[PDB]
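Trainee: Contents of structure_18.txt (compact mmCIF, C-alpha atoms) are given next:
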# COMPACT_ATOMS: atom_id res chain seq x y z
CA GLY A 1 264.30 203.44 205.72
CA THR A 2 267.86 202.78 204.54
CA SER A 3 271.50 202.86 205.77
CA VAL A 4 274.89 202.70 204.09
CA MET A 5 276.65 199.36 204.51
CA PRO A 6 280.36 198.42 204.14
CA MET A 7 281.62 198.86 200.62
CA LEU A 8 285.09 197.99 199.39
CA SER A 9 285.83 199.83 196.19
CA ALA A 10 288.88 201.13 194.28
CA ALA A 11 289.68 203.19 191.17
CA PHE A 12 292.87 203.26 189.13
CA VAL A 13 294.43 206.72 188.98
CA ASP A 14 297.91 206.37 187.46
CA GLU A 15 301.07 204.16 187.31
CA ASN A 16 304.82 204.17 186.60
CA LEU A 17 306.52 201.72 184.06
CA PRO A 18 304.15 202.03 181.09
CA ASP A 19 303.13 198.74 179.47
CA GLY A 20 305.79 197.57 177.02
CA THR A 21 308.74 199.20 178.81
CA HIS A 22 311.99 197.54 177.66
CA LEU A 23 314.34 196.31 180.41
CA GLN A 24 317.67 194.49 180.53
CA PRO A 25 317.69 190.86 181.82
CA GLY A 26 318.08 190.72 185.62
CA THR A 27 316.80 194.28 186.30
CA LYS A 28 315.11 194.69 189.72
CA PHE A 29 312.34 197.28 189.55
CA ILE A 30 309.33 198.53 191.53
CA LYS A 31 305.97 198.78 189.81
CA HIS A 32 303.63 201.42 191.32
CA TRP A 33 299.88 201.79 190.80
CA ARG A 34 298.32 204.93 192.13
CA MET A 35 294.84 204.13 193.37
CA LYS A 36 291.87 205.76 195.03
CA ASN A 37 289.78 204.24 197.84
CA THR A 38 286.34 204.86 196.33
CA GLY A 39 284.66 202.76 199.07
CA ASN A 40 283.49 203.72 202.57
CA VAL A 41 285.84 201.30 204.43
CA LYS A 42 289.44 202.23 205.34
CA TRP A 43 291.86 199.60 204.00
CA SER A 44 293.64 197.50 206.65
CA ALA A 45 295.77 194.40 207.34
CA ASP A 46 292.82 192.46 205.83
CA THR A 47 293.33 194.35 202.50
CA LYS A 48 295.74 192.55 200.24
CA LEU A 49 296.87 192.63 196.58
CA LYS A 50 296.08 189.19 195.15
CA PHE A 51 298.10 187.73 192.26
CA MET A 52 295.84 186.80 189.31
CA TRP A 53 298.06 185.48 186.44
CA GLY A 54 301.17 186.24 184.38
CA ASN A 55 304.74 185.12 183.77
CA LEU A 56 306.66 188.16 185.23
CA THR A 57 308.71 187.06 188.24
CA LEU A 58 308.64 188.68 191.71
CA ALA A 59 311.99 189.82 193.16
CA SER A 60 311.49 187.42 196.20
CA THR A 61 308.21 186.28 198.06
CA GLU A 62 304.66 187.91 198.03
CA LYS A 63 304.92 188.79 201.77
CA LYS A 64 308.20 190.78 201.12
CA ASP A 65 307.38 192.33 197.63
CA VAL A 66 303.64 193.47 197.90
CA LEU A 67 302.55 196.66 199.77
CA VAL A 68 298.87 197.80 200.22
CA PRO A 69 298.51 201.22 202.00
CA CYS A 70 295.85 201.59 204.72
CA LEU A 71 293.95 204.15 202.58
CA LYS A 72 291.16 206.08 204.24
CA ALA A 73 287.89 206.33 202.27
CA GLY A 74 288.25 208.93 199.49
CA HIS A 75 292.08 209.03 199.70
CA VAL A 76 294.68 208.27 196.99
CA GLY A 77 297.76 206.11 197.63
CA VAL A 78 300.25 203.76 195.98
CA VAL A 79 300.18 199.94 195.68
CA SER A 80 303.71 198.68 194.91
CA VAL A 81 305.22 195.32 193.75
CA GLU A 82 308.96 194.63 193.44
CA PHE A 83 309.82 192.47 190.36
CA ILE A 84 312.93 191.09 188.64
CA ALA A 85 313.25 190.91 184.83
CA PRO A 86 313.85 187.21 183.87
CA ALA A 87 317.12 186.20 182.10
CA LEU A 88 315.43 185.31 178.80
CA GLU A 89 314.26 187.96 176.35
CA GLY A 90 310.51 188.27 175.67
CA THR A 91 307.17 189.63 176.94
CA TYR A 92 306.39 189.34 180.67
CA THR A 93 303.17 190.35 182.45
CA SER A 94 301.79 190.12 186.02
CA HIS A 95 298.09 190.80 186.92
CA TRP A 96 296.83 191.72 190.37
CA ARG A 97 293.59 192.69 192.12
CA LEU A 98 292.83 194.06 195.60
CA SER A 99 291.13 191.72 198.08
CA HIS A 100 289.57 192.55 201.46
CA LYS A 101 288.89 189.63 203.84
CA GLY A 102 289.16 187.27 200.81
CA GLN A 103 286.71 189.23 198.57
CA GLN A 104 288.18 190.79 195.43
CA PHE A 105 287.32 194.41 194.60
CA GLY A 106 288.43 197.25 192.33
CA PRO A 107 290.00 196.99 188.86
CA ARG A 108 292.62 194.55 187.68
CA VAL A 109 296.09 196.15 187.59
CA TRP A 110 299.15 194.79 185.83
CA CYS A 111 302.76 195.21 184.91
CA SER A 112 303.84 194.49 181.32
CA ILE A 113 307.50 194.64 180.26
CA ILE A 114 309.74 193.52 177.42
CA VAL A 115 313.07 191.88 178.34
CA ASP A 116 315.64 192.95 175.73
CA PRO A 117 318.54 190.61 174.88
CA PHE A 118 321.96 191.50 176.32
CA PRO A 119 324.20 193.72 174.11
CA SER A 120 326.92 191.74 172.22
CA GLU A 121 330.30 191.18 174.00
CA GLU A 122 332.01 191.96 170.65
Give the structure from this file in structure tokens form.
Mentor:
Amino acid sequence: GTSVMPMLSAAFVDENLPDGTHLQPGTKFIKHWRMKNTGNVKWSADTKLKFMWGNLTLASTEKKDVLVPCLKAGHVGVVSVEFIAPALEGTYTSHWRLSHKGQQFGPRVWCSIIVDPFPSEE
């Protein structure tokens, strides 16, 4: 015989702030990734969004800026991170992945922006 066993799984659906969005230095913004729980386990306090790599700065700390919804199996929700555009112009990215009880699952999701220089005083 056979039986289903716990499976943590996710699928990317959609997002706001398309990659390459231009922002002014110092802009606080919320990145949203719409995701589906394609597993058979409801997400919980043990489900976290783990930081992978990148140079885009968080608005404060990871405990304050990262939200993982307690998505039921088969449901769609939003994973959100609050960032701040650094002072210097350039390309800034930040990669994340869901993690349940320390085990990574689902796709890698990221935020990619361009910090524009300030407009001239005169």
Trainee: Taking 4 positions as the minimum chain separation for residues in the same chain, which residues sit within 12 Å of residue 29 (chain A) when counting only C-alpha atoms? Answer as a short mmCIF file (atom, residue, chain, number, x, y, z; two decimals) with C-alpha atoms, in the frame of the given file.
Mentor:
data_model
loop_
_atom_site.label_atom_id
_atom_site.label_comp_id
_atom_site.auth_asym_id
_atom_site.auth_seq_id
_atom_site.Cartn_x
_atom_site.Cartn_y
_atom_site.Cartn_z
CA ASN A 16 304.82 204.17 186.60
CA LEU A 17 306.52 201.72 184.06
CA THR A 21 308.74 199.20 178.81
CA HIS A 22 311.99 197.54 177.66
CA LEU A 23 314.34 196.31 180.41
CA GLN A 24 317.67 194.49 180.53
CA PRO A 25 317.69 190.86 181.82
CA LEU A 56 306.66 188.16 185.23
CA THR A 57 308.71 187.06 188.24
CA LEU A 58 308.64 188.68 191.71
CA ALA A 59 311.99 189.82 193.16
CA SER A 60 311.49 187.42 196.20
CA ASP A 65 307.38 192.33 197.63
CA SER A 80 303.71 198.68 194.91
CA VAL A 81 305.22 195.32 193.75
CA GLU A 82 308.96 194.63 193.44
CA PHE A 83 309.82 192.47 190.36
CA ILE A 84 312.93 191.09 188.64
CA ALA A 85 313.25 190.91 184.83
CA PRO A 86 313.85 187.21 183.87
CA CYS A 111 302.76 195.21 184.91
CA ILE A 113 307.50 194.64 180.26
#
Trainee: Applying 7 Å and all atoms listed in the file, which residues near residue 68 (chain A) remain after dropping the ones on its own chain fewer than 4 positions away? List them as a PyMOL selection string.
Mentor: chain A and resi 47-49+79
Trainee: Around (292.5, 197.2, 186.3) in the file's frame, which residues reach within 9 Å when counting only C-alpha atoms? Return as an MDAnalysis selection string?
Mentor: chainID A and resid 11:12 95:97 106:110
Trainee: Could you list, as a short mmCIF file (atom, residue, chain, number, x, y, z; two decimals) with C-alpha atoms, keeping the file's coordinate frame, every residue within 9 Å of residue 75 (chain A), counting only C-alpha atoms and ignoring same-chain residues fewer than 5 positions away?
Mentor:
data_model
loop_
_atom_site.label_atom_id
_atom_site.label_comp_id
_atom_site.auth_asym_id
_atom_site.auth_seq_id
_atom_site.Cartn_x
_atom_site.Cartn_y
_atom_site.Cartn_z
CA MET A 35 294.84 204.13 193.37
CA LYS A 36 291.87 205.76 195.03
CA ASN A 37 289.78 204.24 197.84
CA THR A 38 286.34 204.86 196.33
#
Trainee: By how many Å are CA of residue 119 (chain A) and CA of residue 32 (chain A) apart?
Mentor: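 Atom-to-atom, CA of residue 119 (chain A) and CA of residue 32 (chain A) are spaced 27.9 Å apart.
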Trainee: I'd like to know which of A:70, A:30, A:115, A:8 is closest to residue 90 (chain A), using all atoms listed in the file.
Mentor: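 Ranking A:70, A:30, A:115, A:8 by distance to residue 90 (chain A), first place goes to A:115.
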Trainee: Taking into account all atoms listed in the file, which residue in the set A:63, A:50, A:72, A:34 is nearest to residue 105 (chain A)?
Mentor: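 Selected residue with least distance to residue 105 (chain A): A:50.
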